[PDB]
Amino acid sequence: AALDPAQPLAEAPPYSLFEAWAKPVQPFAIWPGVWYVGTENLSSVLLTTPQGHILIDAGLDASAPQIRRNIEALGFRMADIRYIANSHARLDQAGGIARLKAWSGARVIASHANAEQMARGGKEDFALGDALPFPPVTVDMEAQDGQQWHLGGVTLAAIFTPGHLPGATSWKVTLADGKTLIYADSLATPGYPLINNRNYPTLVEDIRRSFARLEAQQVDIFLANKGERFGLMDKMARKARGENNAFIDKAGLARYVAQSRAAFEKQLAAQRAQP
């Protein structure tokens, strides 16, 4: 939407921060049928199935060739990716979707608000304005909360978790083996003007509802859009060394919400107390 000229914007993080987070890592398996093909801190998760694959998120546009190489290094084909699902429509997660869509022929799945922002190539961000644009994408299938997709025994379900952005979306995956997985979107509000933000007036009520939404979900494997939030690098090394169940963490999601809640309320409390 058009931004209110009376509403101050947050300062975007420097692109150098995303570049550091985009440092490549060797792709690896989180669990049978579940592959990590992202970077050190920008998550991208491939779900493989006998009827095609699902990719969650795509990193920076500059990372697109590396993600394709990671997918190919594991032995899979871009042409077999049927869906690309997006958590939130900023360059850190959607920057490479345009190129990965072109390379795969997949259909992109995203919430309406993420679809609108992706069509704008990241511009008119309620918090960042036009600070960090990326290649525009036309979402093929707009997701609504609770909607489900089925592919070769895998179920992909949208869990709306607004706050980081109005369209921020978490994803619940049910594998054919019965194991469950949540890919949690960010709950962070770095540099955000939180209180009565004219570009996003329901922000704090939304993010508090997103806490409870994720807290009401119980799964086996906790993943997030940012590696640091679920111990990606530590778990990756442990599993390579022999810890098959390194990413099994039934309390992981609840722990993430508790941490995110405490961090958010601490920031909001400081802004509320501003003289």
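Quick note: we count residues from 1 along the sequence shown, nothing fancier.
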Self-check item: Higher-B stretch (mean Cα B-factor, as the entry records it), 85 to 93 or 140 to 148
Solution: 140 to 148
Quiz item: Looking only at CA atoms, which has the higher mean B factor in the entry: 150 to 158 or 173 to 181?
Solution: 173 to 181
Exercise. Among 198, 107, 164, 123, single out the one with the highest C-alpha B factor in the record, please.
Key: 198
Quiz item: Quick one: which of 28, 31, 222, 211 has the biggest Cα B-factor according to the entry?
Solution: 211
Quiz item: Ranked by Cα temperature factor within the chain, is residue 128 in the lowest third, the middle third or the highest third?
Solution: middle
Quiz item: Ranked by Cα temperature factor within the chain, is residue 202 in the lowest third, the middle third or the highest third?
Solution: highest
Quiz item: Among the chain's modelled residues, which third holds the C-alpha B-factor of residue 15?
Solution: highest
Quiz item: Mind checking which third residue 41 falls in for C-alpha B-factor across the chain?
Solution: middle
Exercise. Can you work out whether the C-alpha temperature factor of residue 118 puts it in the lowest, middle or highest third of the chain?
Key: middle
